[PDB]
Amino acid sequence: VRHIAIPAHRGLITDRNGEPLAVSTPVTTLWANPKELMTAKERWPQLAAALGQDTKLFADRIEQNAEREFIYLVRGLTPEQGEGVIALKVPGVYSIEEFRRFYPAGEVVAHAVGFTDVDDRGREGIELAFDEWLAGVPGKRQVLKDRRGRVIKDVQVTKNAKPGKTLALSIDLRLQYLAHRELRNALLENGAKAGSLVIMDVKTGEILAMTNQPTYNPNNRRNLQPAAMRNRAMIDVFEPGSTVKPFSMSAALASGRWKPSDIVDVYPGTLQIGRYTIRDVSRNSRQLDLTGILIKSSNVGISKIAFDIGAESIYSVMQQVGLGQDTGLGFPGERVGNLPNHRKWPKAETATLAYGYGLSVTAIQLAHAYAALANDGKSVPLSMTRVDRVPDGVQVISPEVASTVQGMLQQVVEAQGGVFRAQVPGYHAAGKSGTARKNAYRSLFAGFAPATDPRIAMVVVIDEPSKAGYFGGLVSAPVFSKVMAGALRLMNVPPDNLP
């Protein structure tokens, strides 16, 4: 080794507004030439103490490595701590300017921003996904070692350590803080195991917030269990249940055979498909219109519509909105989930698909799907980075069918017997709850607002609420209301519910 690489300054990660999220902070690494340290043995106890180390263990280490010309003493200390060891004037001890990451928002954006390893290389989240952009390239400086390893002179500074590039995230730190606090509070109040909350800008494909509970302080990574490190919104796959019925309804409305005032008979709240029985959660209905099917979350109702239209039209919509499909985000450990397909769709698979059983999705897929519906049936590619020029997007559902589904979803939140807990102060809000049985449950609420001209889509996933109430509308809906209210206010969205 006659040439050494100067660690590059890792690029700044900021939120959409330039609020710092990952900052490269100067640190100092101490290394030694054992052949030189072996000539200053009386100095070892002073040095042993200065680096923390036990006196005899430190000496054993230098005696074993006595023939080597380089070893690390201690990596990434505070510059002043490094200074304090250099000030001892121990022959063979040399310093290196190094970089370590500091995460100002800490636990609030841990899962999204991720973290770097010992070597300042991206390991998790955005740190890894954008490692090439962030890392830059180290620089080579020529050194002059006589023979014993003693540095005489820096001959030629050929290549300079090119710093990493800045990266602005789509995340709004104000919305992220609001989402994190409200999800944390919901978990406490419901005695929940875990939770996820995703906020999307419907017009840009931007992830405005992505929070998971439990979270970790990335700055104090020691002791940590992977349960708090899981980026659940992108990794945890679940059956979306009744939250996918608006998509089955979109295929119904696009077929030409269905209108919202159409009536379905769901009595007695059960439907036998030979060996299999479709069962409604509440079984006190007979005739329901299409909005009623969504309000009462009738699996029987949607299965009957599904038999009429075919599972092919339902599969298509779900697939086009991104459920069980690649998000193109390239995040570490990102699960794609599953949208089963068939040549010939059997009656049982048709029903289960219509009501969200069998298929598995991520919180991120569900939010993106709701964003397409909120964005007048137009799907915009997902983004974790600030979007300056909006991509063209794909018309996945017709503007008219999307507008009708929106009105129905507004009625799911507003109408008698609906999800009144999702209601947003001064705005019309639209959405659908879900309760997936795992005897444990996953509480879901997906929606968007203002129901008039939608701006933001939101998915709230509450994993295992241990209180008497577990339905998505009891558990996840009040979280949506609070976070949606705060987000509409922060983005200065005009109210649509005035006289």
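One rule holds for the numbers: they count along the sequence shown, beginning at 1.
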| property | result |
| --- | --- |
| Gap size between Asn439 and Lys438, counted in deposited residues that the entry leaves unmodelled | 10 or more |
| Of 223-231 and 113-121, the stretch whose C-alpha atoms average the higher B-factor in the entry | 223-231 |
| Of 359-367 and 142-150, the stretch whose C-alpha atoms average the higher B-factor in the entry | 142-150 |
| Peak C-alpha temperature factor (PDB record), options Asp388, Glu132, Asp265, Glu98 | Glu98 |
| Options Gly269, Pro399, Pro346, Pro260 - largest CA temperature factor per the record | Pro346 |
| Third of chain Cα B-factors occupied by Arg489 | middle |
| Among modelled residues of the same chain, the CA temperature factor third for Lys162 | highest |
| Cα B factor band for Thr277 (lowest, middle or highest third within the chain) | highest |
| Within-chain third of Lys482 by Cα B-factor, per the entry | middle |
| Ranked against its chain, the third holding the CA B-factor of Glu182 | middle |
